[PDB]
file final.cif (mmCIF, C-alpha atoms and all ligand atoms)
data_model
#
loop_
_atom_site.label_atom_id
_atom_site.label_comp_id
_atom_site.auth_asym_id
_atom_site.auth_seq_id
_atom_site.Cartn_x
_atom_site.Cartn_y
_atom_site.Cartn_z
CA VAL A 1 -11.37 -17.31 -4.93
CA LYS A 2 -13.24 -16.21 -1.77
CA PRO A 3 -11.61 -14.77 1.39
CA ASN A 4 -11.73 -16.48 4.77
CA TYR A 5 -11.79 -13.60 7.23
CA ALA A 6 -11.94 -14.84 10.81
CA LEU A 7 -12.38 -12.85 14.05
CA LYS A 8 -9.08 -12.28 15.85
CA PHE A 9 -9.75 -9.51 18.41
CA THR A 10 -12.61 -7.44 19.84
CA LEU A 11 -11.50 -4.01 21.06
CA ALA A 12 -13.65 -2.65 23.88
CA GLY A 13 -13.12 0.72 25.55
CA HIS A 14 -15.27 3.35 23.87
CA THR A 15 -18.27 4.28 26.01
CA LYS A 16 -20.55 5.28 23.11
CA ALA A 17 -21.02 4.29 19.45
CA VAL A 18 -17.78 4.11 17.44
CA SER A 19 -17.92 6.34 14.29
CA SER A 20 -14.76 5.61 12.27
CA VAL A 21 -11.72 3.30 12.26
CA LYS A 22 -8.59 3.84 10.14
CA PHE A 23 -5.31 1.97 9.88
CA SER A 24 -2.10 4.00 9.96
CA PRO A 25 -0.26 4.04 6.58
CA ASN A 26 2.76 2.33 8.23
CA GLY A 27 0.39 -0.53 9.23
CA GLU A 28 1.30 -0.42 12.94
CA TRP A 29 -1.83 1.17 14.39
CA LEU A 30 -5.59 1.49 14.24
CA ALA A 31 -7.24 4.81 15.22
CA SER A 32 -10.88 4.85 16.26
CA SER A 33 -13.15 7.87 16.84
CA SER A 34 -16.40 7.83 18.79
CA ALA A 35 -19.53 9.70 19.87
CA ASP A 36 -17.79 9.59 23.37
CA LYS A 37 -15.53 12.50 22.12
CA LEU A 38 -12.42 10.34 22.16
CA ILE A 39 -9.93 8.95 19.73
CA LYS A 40 -8.33 5.66 20.74
CA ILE A 41 -5.13 4.11 19.31
CA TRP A 42 -4.70 0.32 19.15
CA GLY A 43 -2.05 -2.09 17.87
CA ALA A 44 -3.08 -3.23 14.36
CA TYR A 45 -1.76 -6.79 14.77
CA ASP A 46 -2.54 -7.58 18.41
CA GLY A 47 -5.48 -5.24 19.10
CA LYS A 48 -3.64 -3.93 22.19
CA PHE A 49 -4.95 -0.61 23.56
CA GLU A 50 -2.22 2.06 23.22
CA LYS A 51 -3.73 5.44 24.24
CA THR A 52 -6.71 7.79 24.43
CA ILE A 53 -6.61 11.23 22.76
CA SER A 54 -9.07 13.82 24.07
CA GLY A 55 -10.00 17.45 23.58
CA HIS A 56 -13.05 17.76 21.35
CA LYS A 57 -16.13 19.23 23.07
CA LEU A 58 -18.66 16.92 21.34
CA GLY A 59 -18.69 13.56 19.52
CA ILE A 60 -16.33 12.82 16.64
CA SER A 61 -17.66 11.56 13.27
CA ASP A 62 -14.34 10.83 11.50
CA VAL A 63 -10.59 10.50 11.99
CA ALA A 64 -7.74 10.25 9.41
CA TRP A 65 -3.95 9.76 9.38
CA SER A 66 -1.18 11.75 7.72
CA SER A 67 0.99 9.82 5.18
CA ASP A 68 3.91 9.53 7.64
CA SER A 69 1.58 8.07 10.38
CA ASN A 70 2.65 10.92 12.76
CA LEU A 71 -0.56 13.00 12.73
CA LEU A 72 -4.27 12.46 12.98
CA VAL A 73 -7.05 14.83 12.04
CA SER A 74 -10.55 14.47 13.59
CA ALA A 75 -13.95 15.92 12.59
CA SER A 76 -16.44 16.80 15.36
CA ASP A 77 -20.00 17.94 16.11
CA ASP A 78 -18.26 20.86 17.97
CA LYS A 79 -17.80 22.40 14.45
CA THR A 80 -14.03 22.03 14.50
CA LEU A 81 -11.37 19.66 13.30
CA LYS A 82 -8.31 19.00 15.39
CA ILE A 83 -4.82 17.97 14.25
CA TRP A 84 -3.08 15.71 16.78
CA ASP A 85 0.48 14.54 17.34
CA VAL A 86 -0.03 10.75 17.62
CA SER A 87 3.02 10.15 19.83
CA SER A 88 2.18 12.77 22.49
CA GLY A 89 -1.61 12.90 22.03
CA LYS A 90 -1.33 16.72 21.98
CA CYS A 91 -3.63 18.94 19.94
CA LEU A 92 -1.37 20.84 17.50
CA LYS A 93 -4.10 22.81 15.71
CA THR A 94 -7.86 23.49 16.02
CA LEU A 95 -9.35 24.19 12.57
CA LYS A 96 -12.23 26.67 12.97
CA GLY A 97 -14.51 27.88 10.20
CA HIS A 98 -17.33 25.42 9.64
CA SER A 99 -20.72 26.59 10.95
CA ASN A 100 -22.19 23.11 11.68
CA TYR A 101 -20.99 19.58 12.46
CA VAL A 102 -17.78 18.53 10.73
CA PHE A 103 -18.55 15.07 9.34
CA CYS A 104 -15.64 13.90 7.23
CA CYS A 105 -11.92 14.58 6.85
CA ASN A 106 -8.80 13.45 5.09
CA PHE A 107 -5.22 14.49 4.50
CA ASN A 108 -3.86 14.62 0.92
CA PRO A 109 -1.00 12.17 0.03
CA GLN A 110 1.63 14.97 0.44
CA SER A 111 -0.12 15.63 3.85
CA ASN A 112 0.37 19.43 3.59
CA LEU A 113 -3.48 19.80 3.22
CA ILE A 114 -6.62 18.58 4.93
CA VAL A 115 -10.02 18.40 3.25
CA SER A 116 -13.20 18.49 5.37
CA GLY A 117 -16.95 18.25 4.78
CA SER A 118 -19.72 19.49 7.02
CA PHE A 119 -23.42 19.68 7.74
CA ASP A 120 -22.95 23.40 6.76
CA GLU A 121 -22.92 21.99 3.11
CA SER A 122 -19.39 23.19 2.38
CA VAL A 123 -16.07 21.50 1.71
CA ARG A 124 -13.03 23.25 3.20
CA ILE A 125 -9.35 22.87 2.26
CA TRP A 126 -6.91 23.68 5.11
CA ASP A 127 -3.16 24.21 5.35
CA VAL A 128 -1.77 21.59 7.81
CA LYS A 129 1.22 23.66 8.96
CA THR A 130 -0.65 26.94 9.71
CA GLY A 131 -4.21 25.69 10.30
CA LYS A 132 -5.47 28.33 7.85
CA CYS A 133 -8.59 27.63 5.82
CA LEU A 134 -7.30 28.10 2.27
CA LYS A 135 -10.57 27.53 0.36
CA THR A 136 -14.25 27.14 1.18
CA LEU A 137 -16.13 25.41 -1.64
CA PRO A 138 -19.93 25.96 -1.86
CA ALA A 139 -20.06 22.34 -2.64
CA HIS A 140 -23.51 21.03 -1.94
CA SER A 141 -27.13 21.91 -1.03
CA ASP A 142 -27.31 19.37 1.83
CA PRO A 143 -24.83 17.85 4.35
CA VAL A 144 -21.50 16.64 2.92
CA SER A 145 -21.06 12.95 3.75
CA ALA A 146 -17.51 12.29 2.47
CA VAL A 147 -14.39 13.98 1.06
CA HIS A 148 -11.31 12.26 -0.38
CA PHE A 149 -8.18 13.19 -2.33
CA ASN A 150 -6.98 11.11 -5.32
CA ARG A 151 -3.50 9.43 -5.42
CA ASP A 152 -1.55 12.56 -6.36
CA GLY A 153 -3.73 15.04 -4.45
CA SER A 154 -4.74 16.95 -7.63
CA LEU A 155 -8.47 16.14 -7.19
CA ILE A 156 -11.00 15.97 -4.38
CA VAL A 157 -14.20 13.98 -4.55
CA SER A 158 -17.16 15.00 -2.33
CA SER A 159 -20.55 13.38 -1.73
CA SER A 160 -23.73 14.66 -0.20
CA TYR A 161 -27.29 14.04 0.91
CA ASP A 162 -28.20 16.26 -2.10
CA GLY A 163 -27.66 13.14 -4.26
CA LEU A 164 -24.46 14.30 -5.97
CA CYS A 165 -20.81 13.42 -6.18
CA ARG A 166 -18.62 16.28 -7.25
CA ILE A 167 -14.95 16.24 -8.42
CA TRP A 168 -12.94 19.35 -7.58
CA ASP A 169 -9.59 20.63 -8.78
CA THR A 170 -7.57 20.96 -5.52
CA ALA A 171 -5.53 23.95 -6.75
CA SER A 172 -8.30 26.13 -8.28
CA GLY A 173 -11.31 24.92 -6.31
CA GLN A 174 -13.28 24.57 -9.58
CA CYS A 175 -15.83 21.81 -9.97
CA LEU A 176 -14.59 19.61 -12.85
CA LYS A 177 -17.42 17.05 -12.80
CA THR A 178 -20.86 16.58 -11.27
CA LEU A 179 -21.85 12.99 -11.24
CA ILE A 180 -25.36 11.54 -10.87
CA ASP A 181 -27.27 8.52 -12.14
CA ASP A 182 -30.86 8.54 -13.42
CA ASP A 183 -32.25 8.34 -9.86
CA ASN A 184 -31.18 10.78 -7.08
CA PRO A 185 -30.82 9.04 -3.66
CA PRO A 186 -28.62 10.64 -0.97
CA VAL A 187 -24.95 9.78 -1.45
CA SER A 188 -23.67 8.60 1.92
CA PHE A 189 -20.01 7.87 1.10
CA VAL A 190 -17.48 8.26 -1.66
CA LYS A 191 -13.79 7.61 -2.23
CA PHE A 192 -11.30 7.24 -5.07
CA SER A 193 -9.91 3.80 -5.97
CA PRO A 194 -6.21 3.31 -4.96
CA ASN A 195 -5.16 3.99 -8.59
CA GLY A 196 -7.34 7.15 -8.78
CA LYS A 197 -9.17 5.95 -11.94
CA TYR A 198 -12.55 5.22 -10.34
CA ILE A 199 -14.78 6.36 -7.50
CA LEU A 200 -16.78 4.06 -5.20
CA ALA A 201 -20.03 5.68 -4.01
CA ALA A 202 -22.61 4.48 -1.48
CA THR A 203 -26.22 5.62 -1.73
CA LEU A 204 -28.98 5.39 0.91
CA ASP A 205 -30.83 2.84 -1.24
CA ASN A 206 -28.86 -0.28 -0.20
CA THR A 207 -26.39 0.06 -3.12
CA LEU A 208 -22.70 0.76 -3.73
CA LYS A 209 -21.55 1.76 -7.25
CA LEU A 210 -18.14 1.86 -8.92
CA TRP A 211 -17.89 4.75 -11.40
CA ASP A 212 -15.45 5.79 -14.14
CA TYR A 213 -16.05 9.48 -13.19
CA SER A 214 -14.30 10.92 -16.27
CA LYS A 215 -16.67 9.00 -18.62
CA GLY A 216 -19.64 9.46 -16.23
CA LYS A 217 -20.24 5.70 -16.45
CA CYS A 218 -21.22 3.26 -13.73
CA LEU A 219 -19.12 0.11 -14.15
CA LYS A 220 -20.27 -2.05 -11.24
CA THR A 221 -23.09 -2.19 -8.69
CA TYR A 222 -22.97 -4.01 -5.32
CA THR A 223 -26.01 -4.96 -3.29
CA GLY A 224 -27.52 -7.39 -0.76
CA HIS A 225 -26.58 -5.24 2.26
CA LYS A 226 -28.86 -2.80 4.14
CA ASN A 227 -28.09 0.92 4.00
CA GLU A 228 -30.88 3.51 4.05
CA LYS A 229 -30.05 5.61 7.11
CA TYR A 230 -26.38 5.83 8.14
CA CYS A 231 -23.28 7.10 6.34
CA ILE A 232 -21.28 3.85 6.24
CA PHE A 233 -17.70 3.69 5.06
CA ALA A 234 -16.72 1.37 2.22
CA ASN A 235 -13.31 0.31 0.96
CA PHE A 236 -11.22 -1.28 -1.75
CA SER A 237 -9.31 -4.32 -0.39
CA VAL A 238 -6.20 -5.02 -2.55
CA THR A 239 -3.76 -6.98 -0.32
CA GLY A 240 -5.15 -10.35 -1.51
CA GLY A 241 -8.11 -10.77 -3.83
CA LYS A 242 -9.64 -7.57 -5.21
CA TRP A 243 -12.69 -6.89 -3.02
CA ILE A 244 -15.14 -4.19 -2.05
CA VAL A 245 -15.77 -4.07 1.74
CA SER A 246 -18.56 -2.21 3.56
CA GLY A 247 -20.53 -2.20 6.77
CA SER A 248 -24.28 -2.65 6.80
CA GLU A 249 -27.40 -1.85 8.89
CA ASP A 250 -28.04 -5.64 9.32
CA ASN A 251 -24.92 -5.72 11.64
CA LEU A 252 -22.70 -7.53 9.14
CA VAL A 253 -19.50 -6.69 7.25
CA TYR A 254 -20.04 -7.35 3.49
CA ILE A 255 -17.26 -8.33 1.11
CA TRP A 256 -17.90 -8.47 -2.63
CA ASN A 257 -15.79 -9.56 -5.59
CA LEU A 258 -15.01 -6.14 -7.24
CA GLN A 259 -15.16 -7.46 -10.82
CA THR A 260 -17.99 -10.00 -10.58
CA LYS A 261 -20.14 -8.04 -8.03
CA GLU A 262 -20.89 -11.32 -6.18
CA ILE A 263 -20.97 -11.32 -2.39
CA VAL A 264 -17.97 -13.51 -1.32
CA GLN A 265 -18.18 -13.23 2.51
CA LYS A 266 -20.35 -11.75 5.28
CA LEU A 267 -18.80 -11.34 8.72
CA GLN A 268 -21.05 -11.91 11.70
CA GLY A 269 -20.39 -10.82 15.29
CA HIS A 270 -21.35 -7.17 15.77
CA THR A 271 -24.54 -6.39 17.70
CA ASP A 272 -25.41 -3.10 16.01
CA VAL A 273 -25.00 -1.30 12.67
CA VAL A 274 -21.44 -1.66 11.28
CA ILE A 275 -20.80 1.99 10.56
CA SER A 276 -17.16 1.73 9.56
CA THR A 277 -14.72 -0.71 7.98
CA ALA A 278 -11.04 -0.20 7.13
CA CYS A 279 -8.53 -2.41 5.24
CA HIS A 280 -4.95 -2.78 6.40
CA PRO A 281 -2.35 -1.39 3.94
CA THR A 282 -0.17 -4.54 3.68
CA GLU A 283 -1.97 -7.49 5.30
CA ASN A 284 -5.37 -9.07 4.72
CA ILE A 285 -6.81 -7.51 7.88
CA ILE A 286 -10.16 -5.71 8.21
CA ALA A 287 -11.22 -3.51 11.14
CA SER A 288 -14.95 -2.98 11.66
CA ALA A 289 -16.80 -0.82 14.21
CA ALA A 290 -20.37 -0.56 15.35
CA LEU A 291 -23.02 1.69 16.89
CA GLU A 292 -24.60 2.19 20.37
CA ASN A 293 -25.74 -1.44 21.12
CA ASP A 294 -22.19 -2.66 20.42
CA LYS A 295 -19.50 0.11 20.86
CA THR A 296 -16.67 -2.28 19.85
CA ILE A 297 -14.16 -2.60 17.06
CA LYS A 298 -13.38 -6.04 15.61
CA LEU A 299 -10.15 -7.16 13.86
CA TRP A 300 -10.52 -9.92 11.23
CA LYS A 301 -7.75 -11.68 9.26
CA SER A 302 -7.87 -13.73 6.01
CA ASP A 303 -5.44 -15.81 3.90
CA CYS A 304 -6.55 -13.82 0.74
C1 LIG B 401 -21.41 7.33 15.71
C2 LIG B 401 -22.90 7.62 16.03
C3 LIG B 401 -23.72 7.76 14.73
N1 LIG B 401 -23.12 8.86 13.96
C4 LIG B 401 -23.23 8.92 12.62
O1 LIG B 401 -23.84 8.05 11.99
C5 LIG B 401 -22.52 10.08 11.91
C6 LIG B 401 -21.08 9.71 11.55
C7 LIG B 401 -21.09 8.55 10.57
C8 LIG B 401 -19.67 8.01 10.40
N2 LIG B 401 -18.80 8.95 9.77
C9 LIG B 401 -18.69 9.11 8.38
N3 LIG B 401 -19.32 8.38 7.51
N4 LIG B 401 -17.78 10.12 7.97
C10 LIG B 401 -17.24 10.10 6.62
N5 LIG B 401 -22.53 11.32 12.68
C11 LIG B 401 -23.73 11.89 12.99
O2 LIG B 401 -24.78 11.33 12.69
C12 LIG B 401 -23.65 13.26 13.73
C13 LIG B 401 -23.16 14.23 12.67
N6 LIG B 401 -22.66 13.21 14.79
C14 LIG B 401 -22.53 12.19 15.69
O3 LIG B 401 -23.22 11.18 15.66
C15 LIG B 401 -21.47 12.37 16.74
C16 LIG B 401 -22.17 12.23 18.12
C17 LIG B 401 -20.43 11.30 16.53
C18 LIG B 401 -25.04 13.77 14.18
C19 LIG B 401 -25.65 13.20 15.46
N7 LIG B 401 -25.86 11.76 15.37
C20 LIG B 401 -27.07 11.19 15.06
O4 LIG B 401 -28.10 11.83 14.97
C21 LIG B 401 -27.09 9.66 14.91
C22 LIG B 401 -28.06 9.27 13.79
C23 LIG B 401 -29.29 8.73 14.12
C24 LIG B 401 -30.16 8.34 13.13
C25 LIG B 401 -29.84 8.50 11.80
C26 LIG B 401 -28.61 9.02 11.44
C27 LIG B 401 -27.71 9.42 12.43
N8 LIG B 401 -25.76 9.22 14.56
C28 LIG B 401 -25.17 8.09 15.10
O5 LIG B 401 -25.78 7.29 15.82
#
call {"tool": "encode", "arguments": {"input": "final.cif", "output": "structure tokens"}}
result
Amino acid sequence: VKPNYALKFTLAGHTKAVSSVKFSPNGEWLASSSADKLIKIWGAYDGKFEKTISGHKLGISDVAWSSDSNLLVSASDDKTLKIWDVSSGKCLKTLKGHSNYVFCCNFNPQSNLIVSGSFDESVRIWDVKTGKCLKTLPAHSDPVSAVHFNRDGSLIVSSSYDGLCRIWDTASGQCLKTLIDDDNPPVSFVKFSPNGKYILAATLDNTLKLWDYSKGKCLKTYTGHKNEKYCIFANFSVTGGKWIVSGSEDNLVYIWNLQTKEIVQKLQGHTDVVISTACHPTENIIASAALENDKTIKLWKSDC
């Protein structure tokens, strides 16, 4: 079985490189962040432009939705995160504390907490309702490229240019596991699998790896793409066949068979590095976004 993703819509509007795209949990919307300091909201099924959300003072590197699809959180070079009401576009909270670019963000499944990572080498855990920084973890010795909660919010995984992935206990802030392979390339992205049993990590050596973090064992390796410079998002696709999806510095979206590691499809169309991909929660739809020579988001749909 191989998917048959085909281009359905190209979403133009951002005036600079797009940095991150995410589908709302309710499947209705796509949020995009950009170096142009804006967040844009689009219809997930028709690619129709809905609204622009503004307020950050510098470019935005990441955006993420709350579980109820009512809030967004964004991470900016202005050293803050902002929590937004999606319906009104209003900034509800400005999360101050990081001392350098905020690079990555995510809500926990309960959506009472936000986790963030920064070029200041720390991971911060914030209370959504008050905006208070609850914990600052001295997580890494180089910029933090990704942060993600597991399925029940009890763990956080972080990755960094220092070459490590670390697993943290959300409640205590203790580091439960430091993961590394024999070689130490910068880790440019990490996330838990939907079931929370594995982590998928990208390294700046043109490789993605699937790890059983508890055992400290690498189960699968994915290659053939180009990734030595940018922090590119990767995903688990589970609505049809079980795939791994990532962008690439050769301007293509890569799709691999998770179990066999074989490349099953490469999506052509972007005119610059595909920095971000996202998978729709209920349909076989991928959103991809690209850098400065492209500035567009593309929506692709498959039968599996
Ligand atoms: C979207 C532009 C692109 N930005 C980046 O690649 C990253 C964000 C990557 C996407 N986000 C994530 N992976 N978050 C989990 N941010 C960054 O890098 C920083 C932190 N911030 C921005 O860029 C904002 C202006 C958005 C730093 C400045 N940008 C850059 O210097 C430039 C670059 C050029 C060469 C190599 C790497 C990155 N990035 C770029 O050309």
call {"tool": "closest_residue", "arguments": {"input": "final.cif", "among": "A:219, A:274, A:39, A:21", "to": "residue 258 in chain A", "atoms": "all atoms listed in the file"}}
result
A:219
call {"tool": "closest_atom_pairs", "arguments": {"input": "final.cif", "of": "chain A", "to": "ligand LIG 401 (chain B)", "cutoff": "7 Å", "atoms": "only C-alpha atoms and all ligand atoms", "output": "Markdown table"}}
result
| residue | atom | partner | partner_atom | distance |
| --- | --- | --- | --- | --- |
| A:17 | CA | B:LIG401 | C1 | 4.8 |
| A:18 | CA | B:LIG401 | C1 | 5.2 |
| A:19 | CA | B:LIG401 | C1 | 3.9 |
| A:20 | CA | B:LIG401 | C8 | 5.8 |
| A:34 | CA | B:LIG401 | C17 | 5.8 |
| A:35 | CA | B:LIG401 | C17 | 3.8 |
| A:58 | CA | B:LIG401 | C16 | 6.7 |
| A:59 | CA | B:LIG401 | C16 | 4.0 |
| A:60 | CA | B:LIG401 | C17 | 4.4 |
| A:61 | CA | B:LIG401 | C6 | 4.3 |
| A:62 | CA | B:LIG401 | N4 | 5.0 |
| A:76 | CA | B:LIG401 | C15 | 6.8 |
| A:77 | CA | B:LIG401 | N6 | 5.6 |
| A:101 | CA | B:LIG401 | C13 | 5.8 |
| A:103 | CA | B:LIG401 | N4 | 5.2 |
| A:104 | CA | B:LIG401 | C10 | 4.2 |
| A:105 | CA | B:LIG401 | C10 | 7.0 |
| A:145 | CA | B:LIG401 | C10 | 5.6 |
| A:146 | CA | B:LIG401 | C10 | 4.7 |
| A:189 | CA | B:LIG401 | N3 | 6.5 |
| A:229 | CA | B:LIG401 | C25 | 5.5 |
| A:230 | CA | B:LIG401 | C26 | 5.1 |
| A:231 | CA | B:LIG401 | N3 | 4.3 |
| A:232 | CA | B:LIG401 | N3 | 5.1 |
| A:233 | CA | B:LIG401 | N3 | 5.5 |
| A:275 | CA | B:LIG401 | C8 | 6.1 |
| A:276 | CA | B:LIG401 | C8 | 6.8 |
| A:291 | CA | B:LIG401 | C1 | 6.0 |
| A:292 | CA | B:LIG401 | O5 | 6.9 |
call {"tool": "closest_residue", "arguments": {"input": "final.cif", "among": "A:236, A:198, A:5, A:107", "to": "residue 215 in chain A", "atoms": "only C-alpha atoms"}}
result
A:198
call {"tool": "residues_around", "arguments": {"input": "final.cif", "residues": "residue 162 in chain A", "least_positions_apart": "5", "cutoff": "7 Å", "atoms": "only C-alpha atoms", "output": "list in words"}}
result
residues 140, 141, 142 and 186 of chain A
call {"tool": "residues_around", "arguments": {"input": "final.cif", "residues": "range 266-272 of chain A", "least_positions_apart": "2", "cutoff": "6 Å", "atoms": "all atoms listed in the file", "output": "PyMOL selection string"}}
result
chain A and resi 251-254+290-291+293-294
call {"tool": "residues_around", "arguments": {"input": "final.cif", "residues": "residue 158 in chain A", "least_positions_apart": "5", "cutoff": "6 Å", "atoms": "only C-alpha atoms", "output": "NGL selection string"}}
result
:A and (146-147 or 165-166)
call {"tool": "residues_around", "arguments": {"input": "final.cif", "residues": "residue 63 in chain A", "least_positions_apart": "4", "cutoff": "7 Å", "atoms": "all atoms listed in the file", "output": "list in words"}}
result
residues 20, 33, 72, 73, 74, 75 and 105 of chain A
call {"tool": "residues_around", "arguments": {"input": "final.cif", "residues": "residue 121 in chain A", "least_positions_apart": "6", "cutoff": "9 Å", "atoms": "only C-alpha atoms", "output": "ChimeraX atom specification"}}
result
/A:100,137-144,160
call {"tool": "closest_residue", "arguments": {"input": "final.cif", "among": "A:208, A:238, A:287, A:180", "to": "residue 261 in chain A", "atoms": "all atoms listed in the file"}}
result
A:208
call {"tool": "atom_distance", "arguments": {"input": "final.cif", "atom1": "CA of residue 122 in chain A", "atom2": "CA of residue 235 in chain A"}}
result
23.7 Å
call {"tool": "atom_distance", "arguments": {"input": "final.cif", "atom1": "CA of residue 25 in chain A", "atom2": "CA of residue 43 in chain A"}}
result
13.0 Å
call {"tool": "closest_residue", "arguments": {"input": "final.cif", "among": "A:178, A:195, A:257, A:284", "to": "residue 150 in chain A", "atoms": "all atoms listed in the file"}}
result
A:195
call {"tool": "decode", "arguments": {"input": "final.cif", "residues": "range 190-231 of chain A", "atoms": "C-alpha atoms", "output": "PDB file, in the first residue's frame"}}
result
ATOM      1  CA  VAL A 190      11.217  15.565  18.273  1.00  0.00           C
ATOM      2  CA  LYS A 191       7.710  14.415  19.155  1.00  0.00           C
ATOM      3  CA  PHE A 192       5.937  11.518  20.847  1.00  0.00           C
ATOM      4  CA  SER A 193       4.000   8.972  18.773  1.00  0.00           C
ATOM      5  CA  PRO A 194       0.157   9.287  19.114  1.00  0.00           C
ATOM      6  CA  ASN A 195       0.169   6.339  21.578  1.00  0.00           C
ATOM      7  CA  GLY A 196       3.037   7.868  23.626  1.00  0.00           C
ATOM      8  CA  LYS A 197       5.205   4.699  23.365  1.00  0.00           C
ATOM      9  CA  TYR A 198       7.840   6.071  20.975  1.00  0.00           C
ATOM     10  CA  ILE A 199       9.562   9.297  20.019  1.00  0.00           C
ATOM     11  CA  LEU A 200      10.355  10.407  16.449  1.00  0.00           C
ATOM     12  CA  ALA A 201      13.539  12.510  16.265  1.00  0.00           C
ATOM     13  CA  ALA A 202      15.090  14.398  13.336  1.00  0.00           C
ATOM     14  CA  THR A 203      18.823  15.051  13.247  1.00  0.00           C
ATOM     15  CA  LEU A 204      20.762  17.507  11.038  1.00  0.00           C
ATOM     16  CA  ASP A 205      22.382  14.582   9.203  1.00  0.00           C
ATOM     17  CA  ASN A 206      19.519  13.836   6.758  1.00  0.00           C
ATOM     18  CA  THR A 207      17.954  11.210   9.077  1.00  0.00           C
ATOM     19  CA  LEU A 208      14.792  10.664  11.122  1.00  0.00           C
ATOM     20  CA  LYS A 209      14.757   7.957  13.830  1.00  0.00           C
ATOM     21  CA  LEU A 210      11.960   6.230  15.731  1.00  0.00           C
ATOM     22  CA  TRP A 211      12.996   5.406  19.310  1.00  0.00           C
ATOM     23  CA  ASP A 212      11.589   3.282  22.138  1.00  0.00           C
ATOM     24  CA  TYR A 213      12.826   5.913  24.668  1.00  0.00           C
ATOM     25  CA  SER A 214      12.243   3.740  27.750  1.00  0.00           C
ATOM     26  CA  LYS A 215      14.550   0.995  26.365  1.00  0.00           C
ATOM     27  CA  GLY A 216      16.907   3.574  24.778  1.00  0.00           C
ATOM     28  CA  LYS A 217      16.613   1.659  21.499  1.00  0.00           C
ATOM     29  CA  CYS A 218      16.309   2.967  17.968  1.00  0.00           C
ATOM     30  CA  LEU A 219      13.667   0.912  16.154  1.00  0.00           C
ATOM     31  CA  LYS A 220      13.546   2.536  12.722  1.00  0.00           C
ATOM     32  CA  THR A 221      15.590   4.961  10.612  1.00  0.00           C
ATOM     33  CA  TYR A 222      14.250   7.039   7.671  1.00  0.00           C
ATOM     34  CA  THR A 223      16.414   8.644   5.028  1.00  0.00           C
ATOM     35  CA  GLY A 224      16.660   9.846   1.415  1.00  0.00           C
ATOM     36  CA  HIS A 225      15.607  13.423   2.252  1.00  0.00           C
ATOM     37  CA  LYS A 226      17.908  16.432   2.783  1.00  0.00           C
ATOM     38  CA  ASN A 227      18.119  18.005   6.238  1.00  0.00           C
ATOM     39  CA  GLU A 228      21.371  19.534   7.506  1.00  0.00           C
ATOM     40  CA  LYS A 229      20.390  23.133   8.247  1.00  0.00           C
ATOM     41  CA  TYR A 230      16.751  23.803   9.186  1.00  0.00           C
ATOM     42  CA  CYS A 231      14.546  22.545  12.016  1.00  0.00           C
TER      43      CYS A 231
END
